[PDB]
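Enquirer: Below is one structure. I have some questions about it.
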Amino acid sequence: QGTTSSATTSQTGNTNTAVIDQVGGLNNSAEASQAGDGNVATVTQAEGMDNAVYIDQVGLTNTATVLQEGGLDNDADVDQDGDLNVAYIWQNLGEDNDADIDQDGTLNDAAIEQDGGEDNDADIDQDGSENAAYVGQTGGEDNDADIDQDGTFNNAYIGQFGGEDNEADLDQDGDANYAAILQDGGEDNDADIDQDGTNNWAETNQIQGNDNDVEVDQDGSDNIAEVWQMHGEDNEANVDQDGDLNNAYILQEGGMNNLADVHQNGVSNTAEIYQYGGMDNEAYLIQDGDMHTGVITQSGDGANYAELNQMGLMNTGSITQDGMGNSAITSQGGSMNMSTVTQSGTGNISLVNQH
Amino acid sequence: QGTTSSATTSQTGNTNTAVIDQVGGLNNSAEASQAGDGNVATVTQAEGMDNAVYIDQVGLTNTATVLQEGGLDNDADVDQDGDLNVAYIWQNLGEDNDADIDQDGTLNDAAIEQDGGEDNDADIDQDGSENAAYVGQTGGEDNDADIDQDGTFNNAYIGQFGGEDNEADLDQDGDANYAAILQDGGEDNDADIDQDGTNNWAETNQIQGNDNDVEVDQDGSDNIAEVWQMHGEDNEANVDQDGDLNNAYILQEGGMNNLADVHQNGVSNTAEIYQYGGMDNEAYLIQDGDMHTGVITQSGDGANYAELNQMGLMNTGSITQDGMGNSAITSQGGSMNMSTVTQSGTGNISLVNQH
Amino acid sequence: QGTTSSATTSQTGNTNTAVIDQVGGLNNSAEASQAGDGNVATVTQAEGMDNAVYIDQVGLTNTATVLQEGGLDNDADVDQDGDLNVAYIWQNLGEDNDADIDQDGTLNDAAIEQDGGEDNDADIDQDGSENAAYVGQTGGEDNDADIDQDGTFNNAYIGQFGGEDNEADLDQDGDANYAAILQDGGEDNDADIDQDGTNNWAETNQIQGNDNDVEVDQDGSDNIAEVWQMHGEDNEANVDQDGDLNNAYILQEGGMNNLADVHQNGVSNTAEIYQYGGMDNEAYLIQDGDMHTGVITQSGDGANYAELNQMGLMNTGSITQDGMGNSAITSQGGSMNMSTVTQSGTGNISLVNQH
């Protein structure tokens with residue numbers, strides 16, 4: 001009942017399975033090429049017009065499934081080179097959506113889901129063994145998601161529910177690294193996660209924010225980073241962890257032009273930053289050494305500046321600012337230093353040095 | 001110089017001519033009976049023993065010629081009822097050869113030639129106007145040729161050059177139908193052509209094949225069917241065309257138990273099947289609609305299955321299989337669908353659905 | 001490089017400035033609390049162990065500076081309530097030194113300096129406007145200095161250079177009163193100054209004396225009292241002035257158990273007492289009236305008794321005693337009486353009555 005549909009299957013090898021089901025639609029194109037043994041390719045295009053699906057499998061027992069239900073000019077591309085790679089692509093009711101999966105290696109699992117939307121771009125590139133990647137885009141226009149995993153046992157999750165021009169970039173290199181990016185609504189949100197090493201945990205969330213920027217960089221082992229930005233405009237969060245067992249938490253609820261920066265070098269350092277609204281609030285938490293604990297809390301409108309630097313072992317620091325223009329700088333050197341700063345009002349200046 | 005020859009002439013009517021010339025031979029029998037006006041009968045038996053010739057003409061200006069040169073127990077029978085019918089029988093150096101011509105109507109031309117061989121049976125039955133039939137048997141034992149034409153301007157050709165137990169059956173009903181059967185060598189080859197309608201062209205060729213079966217069935221106008229089977233054992237070819245301007249071509253070169261099936265309903269449908277060797281290769285090409293183009297090619301040893309179904313207008317399909325056990329099923333529905341499937345190797349499974 | 005230092009800043013209001021600098025040291029504690037507008041707090045702890053600094057400012061533009069360089073268990077406390085109050089505390093190389101400043105009012109200036117020593121206690125309490133107080137303690141053990149000023153333009157100075165268990169007490173109530181206490185060496189020296197009124201001048205000096213007691217009490221306007229005790233043990237000086245323009249001078253150079261008493265009531269009375277060594281020398285100078293002039297001089301070992309009483313206007317009296325056990329009693333009544341007594345030797349008894 002559909003006019004001008006095109007389907008091509010090319011199989012070289014032993015026990016290769018290719019299934020193409022084009023039910024309805026005008027000028028749908030499906031191509032499945034399998035070189036090797038035991039490769040499985042499934043393509044299902046339903047009610048879509050000018051939809052393009054391309055699957056290219058090389059190796060042993062590679063599995064690829066593409067399901068495009070409706071939509072105009074949807075493009076899906078799967079390229080598997082290796083053994084036991086699993087790829088899944090779903091595109092429902094989207095216009096001009098582009099999905100790309102490129103897996104090289106063994107036992108790689110990649111999934112891309114695009115439910116509606118226009119001009120949504122999803123790209124997954126996995127190299128190595130047993131890497132798991134998921135990209136989900138529900139609604140929205142011009143949303144870009146990119147995942148790049150190299151190594152073993154790496155878990156990557158990217159979710160974009162609504163919004164225009166939201167960009168998510170995930171890069172993992174190493175073993176057993178977990179990275180998660182969530183963007184629920186908002187325009188021009190940029191999230192970037194970069195993990196190098198073993199067993200690193202990174203999570204970023206941007207809810208209903210415009211022009212929010214989150215950057216997480218982890219190098220080493222067992223580093224945990226969590227970033228939340230809710231209902232804020234032009235908020236910037238930066239996390240940099242080098243070493244082992246470092247824990248960083250950043251929360252920015254509302255506000256415009258709020259900047260949070262966490263820098264940790266060493267083992268078992270804990271940093272927490274909380275910003276509740278306000279304009280031009282700046283928080284810096286630097287911990288060089290082992291077993292550092294730092295807490296920064298800001299609530300107020302206008303140019304609140306907090307800096308907490310801890311060098312050495314087991315230094316404890318707490319800074320709380322409430323009001324306008326409060327400036328607090330705490331620098332701890334040595335072992336077992338404890339600092340507590342509480343500022344309320346306008347124009348408070350506090351300098352704490354604990355050598 | 002020959003002992004016990006018998007010749008009988010019985011003519012009733014005006015200007016009937018009967019000539020019997022028995023030169024040499026023992027116990028040759030010739031009988032010519034002509035009832036009507038202007039009938040011409042010629043019998044010439046030379047050097048044959050126990051040869052029997054019978055001519056029976058009824059009507060106006062019927063012409064019959066029988067020439068038996070040598071041979072043992074050769075039997076020729078001509079029965080013409082009508083006007084201007086022409087019958088020719090030639091039997092050279094054959095033993096126990098039986099030739100039968102039965103023409104009823106006007107301007108019918110029938111020719112039977114048997115050069116050598118033992119127990120060869122040729123039968124021509126024409127009813128109608130201006131039908132042309134030719135049967136030729138050169139050598140071979142127990143070869144059976146049968147032609148049955150009813151209607152106007154029908155052309156039938158049957159040729160059997162060598163081989164044992166080869167059976168050719170030709171049936172034409174209608175106007176201006178052309179049918180040709182050729183069997184060059186081989187044992188137990190069966191060819192059957194059945195044409196109903198106007199201006200149908202059918203040609204079947206079996207060269208040096210054993211137990212080959214060809215069946216062609218055409219109903220309608222301007223249908224063209226061509227079947228070639230060369231050097232194959234137990235190969236089966238089936239062509240079924242219903243409608244107008246349908247073109248079917250089947251080629252089977254070598255192989256054992258290869259099956260080709262073409263089914264066309266409609267106007268201007270084109271189907272081509274090529275099988276090059278192999279065992280248990282199966283090809284099915286079904287075209288329901290108008291202006292369909294289908295091509296199936298199989299090369300490989302073992303259970304290659306190809307199915308190409310096209311429903312509607314101007315659907316184009318190509319299936320190519322090389323190797324062992326390849327299975328391809330393509331189903332096109334709608335208008336202007338294009339499908340291309342290429343399989344190489346062992347165990348390839350391809351399913352193409354273009355609705 | 002220092003372990004376990006603690007610093008706390010709490011600012012409520014507008015344009016408050018708090019600076020805490022802890023360079024080196026073990027377990028140093030600094031706290032700065034500022035409620036109000038424009039308050040300035042500076043704390044600097046260097047190389048000290050277990051040093052405690054507390055600053056509490058309430059009001060407008062209060063200034064407090066504390067500098068503790070080294071020492072063990074040094075405690076500094078500043079409490080300002082009001083506007084434009086200035087407080088300065090310096091503690092250098094002292095152990096267990098306690099400094100307390102409490103200013104309530106406007107434009108009060110208080111300074112405490114403790115250079116070395118163990119268990120030195122300094123306390124300043126100012127209530128009012130533009131009062132200036134200074135306490136200095138250089139060396140010594142268990143030295144106690146207390147200043148209490150109430151009113152306007154009051155100047156208080158306390159100095160203790162060396163010595164053990166030296167006690168200085170200064171009390172001023174009124175306007176433009178100047179009081180000075182100096183203790184250079186000696187053990188168990190007690191100095192007490194009490195001024196009530198306007199423009200009163202009091203100065204007490206104790207140099208290298210043990211168990212010396214000085215008491216000055218001034219009530220009224222423009223009263224001048226000067227007391228000097230040098231190199232004496234158990235010497236007692238008492239000055240009591242009531243009225244206007246009264247001048248009292250007491251000098252005690254050496255000696256044991258020497259007693260000097262000056263009592264003046266009225267306007268423009270002049271009293272001078274000189275004691276040069278000796279044991280149990282007693283001098284009494286009483287002037288009730290206006291424009292009295294009295295001079296008492298004692299030089300000798302043992303129970304020298306001098307009494308000069310002047311009642312009325314412009315009475316002039318001079319008593320000179322040289323030797324042992326001289327007793328002189330002069331009583332002047334009336335106007336313009338002149339008395340001159342000179343005793344030399346042992347056991348001289350003089351009685352002068354000028355009615």
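Following the order of the structure tokens, first chain is A, next is B, and so on, with residues numbered from 1 inside each chain and ligands from 1 in the order they appear.
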Should the cut-off be 9 Å, what would the residue list for chain A against chain C look like, counting only C-alpha atoms, as an MDAnalysis selection string?
Expert: chainID A and resid 315 332:355
Enquirer: Which residues are near residue 113 (chain A)? Cut-off 10 Å, only C-alpha atoms, ignore same chain within fewer than 3 positions. Put them as a PyMOL selection string.
Expert: chain A and resi 67+88-92+99+116+122+134-138+159
Enquirer: Take the residues that were just selected and, keeping N, CA, C and O atoms, output them as a tab-separated table (two decimals), in the first residue's frame.
Expert:
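Contents of result-v6.tsv, as written:
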```tsv
chain	number	residue	atom	x	y	z
A	67	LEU	N	14.01	0.16	14.77
A	67	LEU	CA	12.57	0.29	14.67
A	67	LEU	C	12.22	1.76	14.49
A	67	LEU	O	12.40	2.56	15.41
A	88	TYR	N	20.65	-1.18	19.50
A	88	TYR	CA	19.21	-0.96	19.40
A	88	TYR	C	18.95	0.50	19.08
A	88	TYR	O	19.52	1.39	19.72
A	89	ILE	N	18.10	0.75	18.09
A	89	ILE	CA	17.69	2.10	17.70
A	89	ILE	C	16.18	2.11	17.58
A	89	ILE	O	15.59	1.25	16.92
A	90	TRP	N	15.55	3.09	18.23
A	90	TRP	CA	14.11	3.31	18.14
A	90	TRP	C	13.87	4.77	17.81
A	90	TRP	O	14.42	5.65	18.47
A	91	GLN	N	13.05	5.03	16.79
A	91	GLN	CA	12.66	6.38	16.41
A	91	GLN	C	11.16	6.41	16.18
A	91	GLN	O	10.66	5.78	15.23
A	92	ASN	N	10.44	7.13	17.04
A	92	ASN	CA	8.98	7.18	16.98
A	92	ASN	C	8.53	8.61	16.72
A	92	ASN	O	8.81	9.51	17.52
A	99	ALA	N	20.21	9.16	14.17
A	99	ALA	CA	20.75	8.27	15.19
A	99	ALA	C	21.93	7.50	14.60
A	99	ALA	O	21.82	6.94	13.50
A	116	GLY	N	9.72	11.29	19.15
A	116	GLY	CA	9.30	12.58	18.67
A	116	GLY	C	10.46	13.55	18.52
A	116	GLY	O	11.64	13.21	18.65
A	122	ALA	N	21.64	11.97	17.83
A	122	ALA	CA	22.19	11.09	18.85
A	122	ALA	C	23.34	10.29	18.25
A	122	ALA	O	23.20	9.71	17.17
A	134	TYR	N	23.51	4.30	26.73
A	134	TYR	CA	22.10	4.58	26.46
A	134	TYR	C	21.93	6.07	26.20
A	134	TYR	O	22.45	6.90	26.95
A	135	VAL	N	21.20	6.39	25.14
A	135	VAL	CA	20.83	7.76	24.79
A	135	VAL	C	19.32	7.81	24.61
A	135	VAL	O	18.76	7.01	23.86
A	136	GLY	N	18.67	8.73	25.32
A	136	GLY	CA	17.24	8.93	25.20
A	136	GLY	C	16.89	10.38	24.94
A	136	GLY	O	17.39	11.27	25.63
A	137	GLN	N	16.04	10.63	23.95
A	137	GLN	CA	15.61	11.98	23.61
A	137	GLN	C	14.10	11.95	23.39
A	137	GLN	O	13.61	11.42	22.39
A	138	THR	N	13.36	12.52	24.34
A	138	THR	CA	11.90	12.59	24.28
A	138	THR	C	11.51	14.04	23.98
A	138	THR	O	11.63	14.91	24.85
A	159	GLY	N	20.11	11.46	28.96
A	159	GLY	CA	18.68	11.67	28.81
A	159	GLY	C	18.34	13.12	28.56
A	159	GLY	O	18.83	14.01	29.27
```
Enquirer: Give the strand (DSSP E) residues of region 80-307 of chain B, as assigned by DSSP on the backbone, as a PyMOL selection string.
Expert: chain B and resi 80-83+86-92+98-106+109-115+121-129+132-138+144-152+155-161+167-175+178-184+190-198+201-207+213-221+224-230+236-244+247-253+259-267+270-276+282-290+293-299+305-307
Enquirer: Measuring between only C-alpha atoms, which one of C:232, C:94, C:289, C:278 shows the shortest distance to residue 246 (chain C)?
Expert: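 Looking only at the distances to residue 246 (chain C), the closest residue turns out to be C:289.
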Enquirer: Just want the 10 Å neighbourhood of residue 182 (chain C), counted on only C-alpha atoms, with same-chain residues fewer than 2 positions away dropped. Output as a ChimeraX atom specification.
Expert: /C:136,157-161,168,180,184-185,191,203-207,228
Enquirer: Please report the interatomic distance between CA of residue 275 (chain B) and CA of residue 212 (chain B) in Å with one decimal.
Expert: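 Between CA of residue 275 (chain B) and CA of residue 212 (chain B) the gap works out to 14.2 Å.
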Enquirer: How many Å lie between CA of residue 236 (chain B) and CA of residue 115 (chain B), rounded to one decimal?
Expert: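 Rounded to one decimal, the two atoms are 29.1 Å apart.
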Enquirer: Please provide as an mmCIF file with N, CA, C and O atoms, in the first residue's frame all residues within 7 Å of residue 300 (chain C), with the sequence filter that same-chain residues fewer than 5 positions apart are discarded (counting only C-alpha atoms).
Expert:
```
data_model
loop_
_atom_site.group_PDB
_atom_site.id
_atom_site.type_symbol
_atom_site.label_atom_id
_atom_site.label_comp_id
_atom_site.auth_asym_id
_atom_site.auth_seq_id
_atom_site.Cartn_x
_atom_site.Cartn_y
_atom_site.Cartn_z
ATOM 1 N N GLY C 277 64.081 58.736 104.114
ATOM 2 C CA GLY C 277 64.446 57.604 104.941
ATOM 3 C C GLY C 277 63.783 57.616 106.304
ATOM 4 O O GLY C 277 62.896 58.434 106.565
ATOM 5 N N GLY C 278 64.207 56.711 107.178
ATOM 6 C CA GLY C 278 63.720 56.666 108.538
ATOM 7 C C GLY C 278 62.642 55.612 108.739
ATOM 8 O O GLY C 278 62.014 55.125 107.797
ATOM 9 N N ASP C 322 64.930 66.892 111.932
ATOM 10 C CA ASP C 322 66.137 66.136 111.629
ATOM 11 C C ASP C 322 66.568 65.397 112.887
ATOM 12 O O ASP C 322 66.895 66.026 113.897
ATOM 13 N N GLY C 323 66.564 64.073 112.823
ATOM 14 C CA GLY C 323 67.035 63.257 113.918
ATOM 15 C C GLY C 323 65.995 62.251 114.352
ATOM 16 O O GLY C 323 65.165 61.790 113.562
ATOM 17 N N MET C 324 66.037 61.909 115.637
ATOM 18 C CA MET C 324 65.264 60.803 116.188
ATOM 19 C C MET C 324 64.151 61.313 117.093
ATOM 20 O O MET C 324 64.390 62.147 117.973
#
```
Enquirer: State, in Å with one decimal place, the distance from CA of residue 60 (chain C) to CA of residue 282 (chain A).
Expert: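 Going from CA of residue 60 (chain C) over to CA of residue 282 (chain A) covers 28.6 Å.
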Enquirer: Which residues, written as a PyMOL selection string, have at least one atom at most 12 Å from residue 258 (chain A), with only C-alpha atoms counted and residues fewer than 6 positions away on the same chain left out?
Expert: chain A and resi 211-214+229-238+250-252+273-284+298-306
Enquirer: Keeping only C-alpha atoms, write the selected residues as a JSON list (two decimals), in the first residue's frame.
Expert:
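Saved result, part33.json, follows:
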```
[["chain", "number", "residue", "atom", "x", "y", "z"],
["A", 211, "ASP", "CA", 22.03, 28.45, 29.25],
["A", 212, "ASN", "CA", 23.29, 26.26, 32.10],
["A", 213, "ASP", "CA", 26.81, 24.86, 31.79],
["A", 214, "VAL", "CA", 28.07, 21.80, 33.69],
["A", 229, "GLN", "CA", 21.16, 22.70, 38.57],
["A", 230, "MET", "CA", 17.45, 23.46, 38.89],
["A", 231, "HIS", "CA", 15.53, 26.43, 37.45],
["A", 232, "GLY", "CA", 18.62, 28.59, 36.90],
["A", 233, "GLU", "CA", 19.86, 30.77, 34.03],
["A", 234, "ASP", "CA", 23.54, 31.03, 33.01],
["A", 235, "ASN", "CA", 24.68, 28.91, 35.97],
["A", 236, "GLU", "CA", 28.13, 27.34, 35.66],
["A", 237, "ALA", "CA", 29.27, 24.27, 37.62],
["A", 238, "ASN", "CA", 32.81, 22.87, 37.37],
["A", 250, "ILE", "CA", 27.22, 20.77, 43.81],
["A", 251, "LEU", "CA", 23.64, 22.05, 44.09],
["A", 252, "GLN", "CA", 22.43, 25.25, 42.40],
["A", 273, "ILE", "CA", 28.57, 23.44, 47.54],
["A", 274, "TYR", "CA", 25.00, 24.72, 47.92],
["A", 275, "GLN", "CA", 23.69, 27.85, 46.19],
["A", 276, "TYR", "CA", 20.05, 28.89, 46.64],
["A", 277, "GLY", "CA", 19.19, 31.60, 44.12],
["A", 278, "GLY", "CA", 21.03, 34.89, 43.76],
["A", 279, "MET", "CA", 22.97, 36.73, 41.06],
["A", 280, "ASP", "CA", 26.73, 36.49, 40.49],
["A", 281, "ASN", "CA", 27.33, 34.20, 43.48],
["A", 282, "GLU", "CA", 30.78, 32.58, 43.28],
["A", 283, "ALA", "CA", 31.92, 29.54, 45.27],
["A", 284, "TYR", "CA", 35.39, 27.97, 45.10],
["A", 298, "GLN", "CA", 25.23, 30.65, 49.79],
["A", 299, "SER", "CA", 21.79, 32.27, 49.97],
["A", 300, "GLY", "CA", 21.34, 35.86, 48.83],
["A", 301, "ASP", "CA", 21.12, 38.24, 45.89],
["A", 302, "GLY", "CA", 24.36, 39.73, 44.62],
["A", 303, "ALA", "CA", 28.07, 39.00, 44.32],
["A", 304, "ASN", "CA", 28.45, 36.55, 47.20],
["A", 305, "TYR", "CA", 32.03, 35.25, 47.10],
["A", 306, "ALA", "CA", 33.17, 32.19, 49.06]]
```
